[PDB]
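Everything below concerns the one structure shown next.
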Amino acid sequence: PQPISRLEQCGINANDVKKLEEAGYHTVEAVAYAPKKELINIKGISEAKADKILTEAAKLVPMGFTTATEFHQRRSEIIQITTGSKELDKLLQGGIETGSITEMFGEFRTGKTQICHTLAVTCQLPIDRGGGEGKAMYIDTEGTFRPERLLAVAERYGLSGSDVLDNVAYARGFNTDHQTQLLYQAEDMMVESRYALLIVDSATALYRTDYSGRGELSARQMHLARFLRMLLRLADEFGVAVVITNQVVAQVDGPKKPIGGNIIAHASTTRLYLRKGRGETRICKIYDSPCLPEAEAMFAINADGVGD
Amino acid sequence: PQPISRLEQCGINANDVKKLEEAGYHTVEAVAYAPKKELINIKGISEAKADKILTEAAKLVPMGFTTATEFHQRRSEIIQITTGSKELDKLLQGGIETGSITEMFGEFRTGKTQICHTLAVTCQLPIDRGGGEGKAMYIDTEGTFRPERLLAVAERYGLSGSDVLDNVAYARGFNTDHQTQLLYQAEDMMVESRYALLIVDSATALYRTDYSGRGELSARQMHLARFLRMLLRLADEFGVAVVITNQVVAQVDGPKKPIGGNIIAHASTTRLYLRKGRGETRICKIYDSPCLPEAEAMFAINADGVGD
Amino acid sequence: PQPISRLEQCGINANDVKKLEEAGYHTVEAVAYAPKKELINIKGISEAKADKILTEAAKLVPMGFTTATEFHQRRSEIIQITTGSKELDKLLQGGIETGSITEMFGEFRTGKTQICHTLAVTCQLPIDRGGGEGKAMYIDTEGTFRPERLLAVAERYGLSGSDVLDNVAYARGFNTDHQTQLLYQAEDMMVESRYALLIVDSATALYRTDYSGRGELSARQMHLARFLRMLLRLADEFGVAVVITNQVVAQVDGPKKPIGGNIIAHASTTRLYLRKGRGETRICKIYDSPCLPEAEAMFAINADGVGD
DNA sequence: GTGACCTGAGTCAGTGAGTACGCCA
DNA sequence: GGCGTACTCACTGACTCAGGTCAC
Ligand SMILES: Nc1ncnc2c1ncn2[C@@H]1O[C@H](COP(=O)(O)OP(=O)(O)NP(=O)(O)O)[C@@H](O)[C@H]1O
Ligand SMILES: Nc1ncnc2c1ncn2[C@@H]1O[C@H](COP(=O)(O)OP(=O)(O)NP(=O)(O)O)[C@@H](O)[C@H]1O
Ligand SMILES: Nc1ncnc2c1ncn2[C@@H]1O[C@H](COP(=O)(O)OP(=O)(O)NP(=O)(O)O)[C@@H](O)[C@H]1O
Ligand SMILES: [Mg+2]
Ligand SMILES: [Mg+2]
Ligand SMILES: [Mg+2]
């Protein structure tokens, strides 16, 4: 957490610091991730303070050509502890690749919210369970968040108390504004919420309800792309696992197809697939990942705890 | 391959040469390549100083009319870094020419970063396997550069695990402005070396999330043109391949076209479309190349690297 | 044509002829075309000197009216260069005409470079079959010169060998001032030897990438007008077939119009819109030509060249 | 042979750029 | 297999002539 408040000590005007904090941006990394074009439109920042803040931000962080040795060493802060029920974290080697946009693009009845609760609990798994991690956020656009499931999966992982594992943000969207403000206040600049989980339950569901037809596609997807960029910037800020879900559409043209299309196809790092099949048990895929190979898995929910 | 300070050794004022060095010109070609307008825009340079700088620059480097057979004998050595797949480096004649800019685009899960990952390693190779006898300076904006592959690459090529990572230069470049900036830092830090492959993985991932909406589109494409022209400058200046990769959007008629419009369409020399095929096997196509004919590959993304 | 120092040997003092030799006036036709306002601003020459050199040049070069009947005699023996395709041949009424500016624009992968490459070899074919029997100059601005593709054309028509790469002269413009300066250097290489093609592989790519905004819009259109003026001077004093190449831009208001605006739109006698057709086969439609219809035709790019 | 004085009058336009964005049984 | 809508960007500079009137 290297925020705009620590930027004050660098010699930056306090008034401009607060007038940037009142905007979306909250950290030196945030402005260093935005052009001069985005800084030019903040009222009270006029074409000179923006540039000098750009130079100060560029000098403050080592945002230059490295050799990636340090990048592999930074891989150590990143843990994939998605245990689930069976064959998670073994065949699906990367369940939570912190710093990457995991995307459970799946189907109804195939346990996307259930696995989201599992993921939220596992991101709170202590150091003894293969690494201890924090928790910062949960978006509930479709209004399906039952912390009773959190308690049930807590008992699965050996957690007696689930109120400690109660996710720090039960925010909801109600519309396409993707909960603008929480990305801004919850920039996770405190001492907690480091290597946390940022769940967006049905991130682009509301983009389907509110935004409608071809007449609103451009605005819908540009809003979506700005939102996904905000997610990616949040992930780049320290390290956080951006785990989102998504629903399928039906290809009447002549069986799942992306919703959000190529914006979410390219934005998300490790995109994922879920299937029901036969019996109670359901199948997944390992689908997109620059590191993992295509494969399938095998899992089932229980009442006293859930896998995938 | 002649450092800019050598013009000072000719007799040009030391203050002028250093102020040009921090002006974005780090080779005797950098000053010669640009027009007088950019040199004039530099602080401390008048019209006369710029004119004498241009004359002394044109004195050294041959800006003349060499017959096409001279260029053909220059074309005997092209290096043509191999791809790793027998069919892929057969569709490409010998590979990809060094000294021209190549672009790879496709939908998700098409192995653009896979081709980059298994084609940058093939540059720090003896020419016996179509190597380049150079290094890499992979630049990557989305963080698709997952280090697990980055250190699981080297088991097939015949090289140790130490001298693959130690021969790449990775930064992030999480801005539209940071792309050209990183190009400048790369030029000034790699003039004193012998590189064979500069990779700009996602040239246009950052020209969507950043410059949102029309009206803001023209500045987006002007910045893209600036970046692409400086990119092309690194080809004549250092004789390297500068492979970039692209993305797609749904061309809603009311399904596959590259982003960047007609600015990335023209600057690129060779354009490769990667598409998911029947099963794990991929399909590559020659979209837009000056010498290469249109044909399809069938390369398969294997664990060691792109094979067939 | 006659070189600059022809009447000077018995006329003006050789010193001022060598003084104006730096100003890029390497033929007495060029001095004839010269405005007095553009000769007062060069060093050495006074009012009386400028007037006397202009009177001498006007004595050497015809300047007034001429009955269109005799100019029809000139136009009946001009040479039209074969394009390399049989169907493009009749479409362009004998192919690319000489002594005038021709401009083919289009999106990528439309074969604009490919037609120029085949034009560079068909520049040397005999008078009974090919275009002008002369050395082909290839001022190139994108680096997409492929001598290999030149050869494949040489196998056809039975002019194989590197004897076609010796005739072709290849420059490489690196900016706008230099692309303009290269026409001063190219000015003297055509008064001493026969050249029959003035391919500027992209007339406007560097204008697009050099002058950034709207503040530079008046400047760049002025400079481009000057460049097209010297192009027209070359075309109408050497009788070379200038073949410039234009890119495209996308209309956002409502769909691909060429870049350059009302300057190059008016100042490019013949315009072609090459468009991709189906498969490997592309289409060439006429856009703006004062003497041939606005139809559209067919062609394709093979491993041999741009033929059927 | 001696002996300086007095400011008026405005002008004349030019240059286009730049695509995005899936949907539904 | 019948489905549309979205707008903002700016800098440019060189220019000349004209005179004529007196007494102590
Ligand atoms: N506690 C449980 N025990 C066993 N099976 C369960 C349990 N909870 C849910 N399930 C099963 O898992 C499915 C959950 O599907 P899920 O995709 O999470 O629901 P949804 O309504 O599609 N939510 P979302 O996809 O986030 O919009 C249910 O339909 C049941 O078949
Ligand atoms: N070890 C491996 N063995 C086999 N296949 C692998 C292996 N690692 C990666 N792959 C495959 O390579 C594919 C390419 O990854 P991909 O999703 O294209 O990365 P990306 O190019 O960064 N994504 P995008 O930007 O959407 O193209 C994966 O989906 C796997 O199918
Ligand atoms: N040997 C060949 N055989 C057949 N077709 C070929 C061959 N070489 C190139 N082509 C075709 O020519 C196309 C390229 O045309 P080109 O003239 O390079 O377009 P351009 O618009 O000038 N390129 P850019 O630099 O992106 O503007 C390729 O996409 C192929 O379709
Ligand atoms: Mg469900
Ligand atoms: Mg890919
Ligand atoms: Mg071309």
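Each chain in the structure tokens gets a letter, A, B and so on, in the order shown; residues start at 1 in every chain, and ligands are counted from 1 in the order they appear.
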
Spatial neighbours of residue 4 of chain E, max dist 10 Å, only C-alpha atoms (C1' of nucleotides), sep filter under 3 positions, as an MDAnalysis selection string: (chainID A and resid 213:218) or (chainID B and resid 252:254)

Could you give me, as a PyMOL selection string, every polymer residue with an atom at most 6 Å away from an atom of ligand 4, counting only C-alpha atoms (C1' of nucleotides) and all ligand atoms? chain A and resi 107-111

Keeping only N, CA and C atoms, take the residues you just selected and write them out as a CSV table (one decimal), in the first residue's frame.
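Writing the result to result.csv gives the following:
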chain,number,residue,atom,x,y,z
A,107,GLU,N,-22.5,-22.5,-15.9
A,107,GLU,CA,-24.0,-22.6,-16.1
A,107,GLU,C,-24.7,-22.7,-14.7
A,108,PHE,N,-26.0,-22.4,-14.7
A,108,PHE,CA,-26.8,-22.5,-13.5
A,108,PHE,C,-26.9,-23.9,-13.1
A,109,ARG,N,-27.1,-24.1,-11.7
A,109,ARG,CA,-27.2,-25.4,-11.1
A,109,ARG,C,-25.8,-26.1,-11.0
A,110,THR,N,-24.8,-25.5,-11.6
A,110,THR,CA,-23.4,-26.1,-11.5
A,110,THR,C,-22.6,-25.5,-10.4
A,111,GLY,N,-23.2,-24.9,-9.4
A,111,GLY,CA,-22.5,-24.4,-8.2
A,111,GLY,C,-21.4,-23.4,-8.4

Give the residues of chain A that lie within 7 Å of chain B; count only C-alpha atoms, and format the answer as an MDAnalysis selection string. chainID A and resid 33:35 63:68 71:72 222 225:226 229 262 265:266 269 288 290:291

Set the distance at 12 Å and use only C-alpha atoms (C1' of nucleotides): which residues neighbour residue 81 of chain C once local chain neighbours fewer than 6 positions away are removed? I'd like the list as JSON, numbers by chain. {"C": [88, 89, 90, 92, 93, 94, 95, 96, 97, 98, 99, 102, 115, 116, 118, 119, 120, 121, 122, 123, 124, 125, 126, 127, 128, 129, 130, 131, 132, 133, 134, 136, 196, 197, 240, 241, 242, 243]}

Specify as an NGL selection string all residues of chain E found within 8 Å of chain C, counting only C-alpha atoms (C1' of nucleotides). :E and (7 or 9-12)

Restricting the output to N, CA and C atoms (P, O5', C5', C4', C3', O3' and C1' of nucleotides), write the selected residues as a short mmCIF file (atom, residue, chain, number, x, y, z; two decimals), in the first residue's frame.
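Result saved to again_9.cif:
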data_model
loop_
_atom_site.label_atom_id
_atom_site.label_comp_id
_atom_site.auth_asym_id
_atom_site.auth_seq_id
_atom_site.Cartn_x
_atom_site.Cartn_y
_atom_site.Cartn_z
P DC E 7 -23.07 10.73 -27.64
"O5'" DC E 7 -21.51 11.04 -27.76
"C5'" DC E 7 -20.89 11.06 -29.04
"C4'" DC E 7 -19.59 11.83 -28.98
"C3'" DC E 7 -19.74 13.33 -28.78
"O3'" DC E 7 -18.77 13.78 -27.84
"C1'" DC E 7 -18.44 12.92 -30.68
P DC E 9 -12.71 17.43 -25.64
"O5'" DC E 9 -11.24 17.46 -26.26
"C5'" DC E 9 -10.93 18.39 -27.27
"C4'" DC E 9 -9.97 17.80 -28.27
"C3'" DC E 9 -9.19 18.82 -29.07
"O3'" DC E 9 -8.04 19.19 -28.36
"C1'" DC E 9 -10.08 17.16 -30.52
P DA E 10 -7.65 20.74 -28.23
"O5'" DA E 10 -6.41 20.91 -29.21
"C5'" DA E 10 -6.63 21.10 -30.58
"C4'" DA E 10 -5.66 22.13 -31.12
"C3'" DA E 10 -5.36 23.30 -30.18
"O3'" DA E 10 -4.00 23.63 -30.26
"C1'" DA E 10 -6.12 24.12 -32.21
P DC E 11 -3.04 23.45 -28.98
"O5'" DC E 11 -1.77 24.36 -29.34
"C5'" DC E 11 -1.95 25.60 -30.00
"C4'" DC E 11 -1.62 25.48 -31.47
"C3'" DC E 11 -0.92 26.69 -32.06
"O3'" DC E 11 0.47 26.58 -31.84
"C1'" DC E 11 -2.62 25.88 -33.54
P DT E 12 1.42 27.87 -31.95
"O5'" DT E 12 1.76 27.95 -33.51
"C5'" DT E 12 1.14 28.94 -34.29
"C4'" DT E 12 1.19 28.58 -35.76
"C3'" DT E 12 1.44 29.76 -36.68
"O3'" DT E 12 2.83 29.89 -36.91
"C1'" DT E 12 -0.53 28.67 -37.35
#

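Every protein, DNA or RNA residue with an atom at most 8 Å from segment 52-59 of chain A, where only C-alpha atoms (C1' of nucleotides) count and chain neighbours fewer than 6 positions away do not, is listed here: residues 10, 12, 28, 29, 31, 32 and 36 of chain A.
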
I need the residues in segment 106-262 of chain C that are helix (DSSP H, G or I) according to DSSP; give them as JSON, numbers by chain. {"C": [112, 113, 114, 115, 116, 117, 118, 119, 120, 121, 122, 147, 148, 149, 150, 151, 152, 153, 154, 155, 156, 157, 158, 163, 164, 165, 166, 167, 176, 177, 178, 179, 180, 181, 182, 183, 184, 185, 186, 187, 188, 205, 206, 207, 208, 209, 210, 217, 218, 219, 220, 221, 222, 223, 224, 225, 226, 227, 228, 229, 230, 231, 232, 233, 234, 235, 236, 237, 238, 261, 262]}

Write a file of the just-selected residues containing C-alpha atoms, as a PDB file, in the first residue's frame.
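File produced: part_20.pdb:
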ATOM      1  CA  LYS C 112      -0.862  -2.437 -52.326  1.00  0.00           C
ATOM      2  CA  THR C 113       2.766  -3.387 -51.664  1.00  0.00           C
ATOM      3  CA  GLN C 114       2.419  -6.502 -53.820  1.00  0.00           C
ATOM      4  CA  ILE C 115       1.316  -4.525 -56.861  1.00  0.00           C
ATOM      5  CA  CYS C 116       4.224  -2.115 -56.367  1.00  0.00           C
ATOM      6  CA  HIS C 117       6.680  -5.020 -56.163  1.00  0.00           C
ATOM      7  CA  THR C 118       5.400  -6.515 -59.405  1.00  0.00           C
ATOM      8  CA  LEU C 119       5.409  -3.000 -60.868  1.00  0.00           C
ATOM      9  CA  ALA C 120       9.083  -2.675 -59.909  1.00  0.00           C
ATOM     10  CA  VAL C 121       9.926  -5.695 -62.076  1.00  0.00           C
ATOM     11  CA  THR C 122       7.464  -4.895 -64.884  1.00  0.00           C
ATOM     12  CA  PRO C 147      13.645  -8.317 -52.900  1.00  0.00           C
ATOM     13  CA  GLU C 148      12.547 -11.959 -52.724  1.00  0.00           C
ATOM     14  CA  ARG C 149       9.095 -11.106 -54.078  1.00  0.00           C
ATOM     15  CA  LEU C 150      10.838  -9.156 -56.831  1.00  0.00           C
ATOM     16  CA  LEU C 151      12.507 -12.366 -57.975  1.00  0.00           C
ATOM     17  CA  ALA C 152       9.290 -14.398 -58.207  1.00  0.00           C
ATOM     18  CA  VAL C 153       8.038 -11.834 -60.725  1.00  0.00           C
ATOM     19  CA  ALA C 154      11.295 -12.209 -62.672  1.00  0.00           C
ATOM     20  CA  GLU C 155      10.702 -15.941 -63.170  1.00  0.00           C
ATOM     21  CA  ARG C 156       7.529 -14.907 -64.967  1.00  0.00           C
ATOM     22  CA  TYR C 157       8.023 -12.968 -68.238  1.00  0.00           C
ATOM     23  CA  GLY C 158      11.467 -14.576 -68.544  1.00  0.00           C
ATOM     24  CA  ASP C 163      19.906  -8.344 -63.130  1.00  0.00           C
ATOM     25  CA  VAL C 164      16.521  -6.933 -62.090  1.00  0.00           C
ATOM     26  CA  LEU C 165      17.734  -6.212 -58.563  1.00  0.00           C
ATOM     27  CA  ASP C 166      20.677  -4.300 -60.028  1.00  0.00           C
ATOM     28  CA  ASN C 167      18.414  -2.050 -62.091  1.00  0.00           C
ATOM     29  CA  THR C 176       8.987  13.489 -43.661  1.00  0.00           C
ATOM     30  CA  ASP C 177      11.828  15.975 -44.125  1.00  0.00           C
ATOM     31  CA  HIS C 178      14.081  13.100 -45.166  1.00  0.00           C
ATOM     32  CA  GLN C 179      11.460  11.649 -47.509  1.00  0.00           C
ATOM     33  CA  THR C 180      11.326  15.121 -49.045  1.00  0.00           C
ATOM     34  CA  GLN C 181      15.132  15.430 -49.081  1.00  0.00           C
ATOM     35  CA  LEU C 182      15.432  12.036 -50.761  1.00  0.00           C
ATOM     36  CA  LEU C 183      13.709  13.565 -53.760  1.00  0.00           C
ATOM     37  CA  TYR C 184      16.525  16.069 -54.089  1.00  0.00           C
ATOM     38  CA  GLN C 185      18.996  13.185 -54.081  1.00  0.00           C
ATOM     39  CA  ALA C 186      16.678  11.283 -56.418  1.00  0.00           C
ATOM     40  CA  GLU C 187      16.478  14.415 -58.557  1.00  0.00           C
ATOM     41  CA  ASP C 188      20.000  14.039 -59.959  1.00  0.00           C
ATOM     42  CA  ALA C 205       2.423   6.933 -43.423  1.00  0.00           C
ATOM     43  CA  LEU C 206       5.041   9.250 -41.944  1.00  0.00           C
ATOM     44  CA  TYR C 207       2.778  12.286 -42.248  1.00  0.00           C
ATOM     45  CA  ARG C 208       0.189  10.337 -40.270  1.00  0.00           C
ATOM     46  CA  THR C 209       2.722   9.355 -37.612  1.00  0.00           C
ATOM     47  CA  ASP C 210       4.763  12.600 -37.473  1.00  0.00           C
ATOM     48  CA  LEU C 217      -2.959  19.785 -39.044  1.00  0.00           C
ATOM     49  CA  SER C 218      -2.323  23.007 -40.953  1.00  0.00           C
ATOM     50  CA  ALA C 219       1.431  22.385 -40.919  1.00  0.00           C
ATOM     51  CA  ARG C 220       1.266  18.785 -42.124  1.00  0.00           C
ATOM     52  CA  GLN C 221      -1.153  19.464 -44.946  1.00  0.00           C
ATOM     53  CA  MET C 222       1.149  22.265 -46.102  1.00  0.00           C
ATOM     54  CA  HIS C 223       4.200  19.990 -46.014  1.00  0.00           C
ATOM     55  CA  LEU C 224       2.300  17.199 -47.748  1.00  0.00           C
ATOM     56  CA  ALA C 225       1.228  19.684 -50.410  1.00  0.00           C
ATOM     57  CA  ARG C 226       4.896  20.575 -50.898  1.00  0.00           C
ATOM     58  CA  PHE C 227       5.845  16.894 -51.136  1.00  0.00           C
ATOM     59  CA  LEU C 228       3.123  16.181 -53.680  1.00  0.00           C
ATOM     60  CA  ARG C 229       4.234  19.302 -55.550  1.00  0.00           C
ATOM     61  CA  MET C 230       7.769  17.980 -55.905  1.00  0.00           C
ATOM     62  CA  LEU C 231       6.280  14.592 -56.792  1.00  0.00           C
ATOM     63  CA  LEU C 232       4.358  16.251 -59.607  1.00  0.00           C
ATOM     64  CA  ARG C 233       7.526  18.073 -60.656  1.00  0.00           C
ATOM     65  CA  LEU C 234       9.343  14.748 -60.913  1.00  0.00           C
ATOM     66  CA  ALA C 235       6.445  13.174 -62.785  1.00  0.00           C
ATOM     67  CA  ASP C 236       6.180  15.979 -65.331  1.00  0.00           C
ATOM     68  CA  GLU C 237       9.902  16.626 -65.874  1.00  0.00           C
ATOM     69  CA  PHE C 238      11.210  13.041 -65.954  1.00  0.00           C
ATOM     70  CA  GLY C 261      -7.919  15.007 -46.473  1.00  0.00           C
ATOM     71  CA  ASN C 262      -8.703  17.487 -49.234  1.00  0.00           C
TER      72      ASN C 262
END

Within 7 Å of chain C: residues of chain D, using only C-alpha atoms (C1' of nucleotides), as an NGL selection string: :D and (14-16 or 18-19)

As a ChimeraX atom specification, which residues of segment 156-292 of chain C does DSSP assign to strand (DSSP E or B)? /C:169-170,172,195-200,242-246,248-250,256-258,270-278,281-288

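From atom CA of residue 18 of chain B back to atom CA of residue 1 of chain B, the distance works out to 17.8 Å.
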
To one decimal place, how far is atom CA of residue 295 of chain C from atom CA of residue 272 of chain C in Å? 10.4 Å

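The shell of residues at most 10 Å from residue 14 of chain A, with only C-alpha atoms (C1' of nucleotides) counted and near chain neighbours (fewer than 6 positions) removed, consists of residues 4, 5, 7, 8 and 20 of chain A.
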
Students should find that atom 2 (C, counted along the ligand's line) of ligand 1 and atom CA of residue 274 of chain A are spaced 16.2 Å

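With only C-alpha atoms and all ligand atoms as the atoms that count, the minimum distance from ligand 6 to the choices B:267, B:257, B:293, B:276 is reached by B:267.
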